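Novice: can't give you the sequence, but here's the structure:
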Ligand SMILES: Nc1nnc(-c2ccc(O)c(Cl)c2)c(-c2ccccc2)n1
């Protein structure tokens with residue numbers, strides 16, 4: 001009952017943390033910029049982890065009996081929250097690039113309305129993708145609980161060809177390659193901005209101070225995304241060994257949960273990465289707690 005205890009411990013922090021983030025954004029209007037509309041989507045997504053994903057994960061770990069639909073939802077619900085984070089992390093990356101690349105058109109393109117629009121779409125695409133195994137791409141009853149009910153075991157009810165090709169490579173690796181590729185242009189151009197401002201016949205510390213603050217936000221966003229791949233790669237790497245190499249000793253359970261717990265930890269680091277990186281956030285929280 002140790003794994004259970006740890007998972008429960010995470011669920012609490014995941015809720016408290018991201019809920020605090022959502023609250024701080026609703027109180028302080030200085031945090032209600034278009035950029036943080038996506039951060040909220042990240043919060044809500046990372047809240048449902050400690051609310052549903054973790055509860056489901058602890059349940060499916062021991063395995064139960066239920067229909068194919070009910071078994072798939074509980075098993076593929078984490079694929080939804082993890083996919084929604086992909087879009088959110090990608091949007092934030094693009095956003096932080098649009099500001100530095102084109103500061104003028106930034107306010108013209110990046111609107112508070114389009115933000116809510118994109119978010120909605122991302123969630124819809126997240127359910128479509130995350131619950132693709134429910135569309136028929138599953139191993140329900142492939143060569144106990146009785147007719148109708150199926151032994152709900154993640155590896156037995158969820159195809160591996162999906163988890164690898166469709167899910168990992170296409171819906172995770174590719175995005176993380178686009179994101180990384182984005183940050184490549186961001187900092188490459190950001191340093192060019194400083195060079196052009198290094199050969200300017202005027203001080204203009206307003207542009208420098210703003211640029212450095214736009215870069216500080218872009219860097220903070222890079223750290224958030226970096227921790228995502230850092231907490232999910234190990235879990236996918238494990239599945240790449242099992243699939244591509246049937247000979248390769250199937251990953252043990254004590255090592256399996258560690259990669260699963262590692263993924264559940266990602267939802268927790270955000271609230272703390274905001275309080276640390278953003279001086280505006282930490283002070284907002286500090287007020288809420290006291291009062
Ligand atoms: N073999 C295997 N086993 N369990 C999970 C699993 C299940 C529920 C969860 O809540 C978490 Cl975090 C992980 C994954 C897995 C791997 C990559 C992406 C998503 C799931 N792969």
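Specialist: Noted; the coordinates are in hand. Residues are numbered from 1 along each chain as shown.
Novice: who in the stretch 101-250 of the chain is up against the ligand?
Specialist: Within reach of the ligand by CB under 6 Å from any ligand atom, the stretch 101-250 of the chain has these residues: 154, 155, 235, 236, 239. Every C-beta, even on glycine, is put in place using the N, C-alpha and C of the backbone.
Novice: I'd like to know which of those are buried.
Specialist: Buried members of those, counted by 16 or more other CB atoms under 10 Å: 154, 235, 236, 239.
Novice: Of these, which pair is most distant in space?
Specialist: Of all pairs drawn from these, the greatest distance, 14.1 Å, lies between 154 and 236 (CB to CB).
Novice: OK, contacts around whichever residue of the stretch 101-250 of the chain sits closest to the ligand?
Specialist: Using CB to the nearest ligand atom, the single residue of the stretch 101-250 of the chain nearest to the ligand is residue 235, 4.4 Å away. Residue 235 makes contact with 259, 260, 262, 263 under the criterion CB atoms under 8 Å, 6 or more residues apart in numbering.
Novice: Is it located within a helix, as I assumed?
Specialist: Yes: under DSSP: H, G, I helix; E, B strand; the rest coil, residue 235 falls within a helix.
Novice: just how off-centre is the helix or strand where residue 254 lies within its chain?
Specialist: Using DSSP states H and E, residue 254 maps to helix 253-277. Distance, stretch centre to chain centre, for helix 253-277: 11 Å (CA atoms, centre = their mean, to the nearest Å).
Novice: ok, now stretch 266-281?
Specialist: Worked out by CA atoms, centre = their mean, stretch 266-281 lies 14 Å from the chain centre.
Novice: do stretch 270-290 as well
Specialist: On CA atoms, centre = their mean, the centre of stretch 270-290 falls 20 Å from that of its chain.
Novice: Run through who's touching it.
Specialist: Here stretch 270-290 makes contact (CB under 8 Å, 6+ apart) with 13, 16-18, 20-21, 23-24, 27-28, 30-31, 42-43, 46, 216-217, 220, 223-224, 227.
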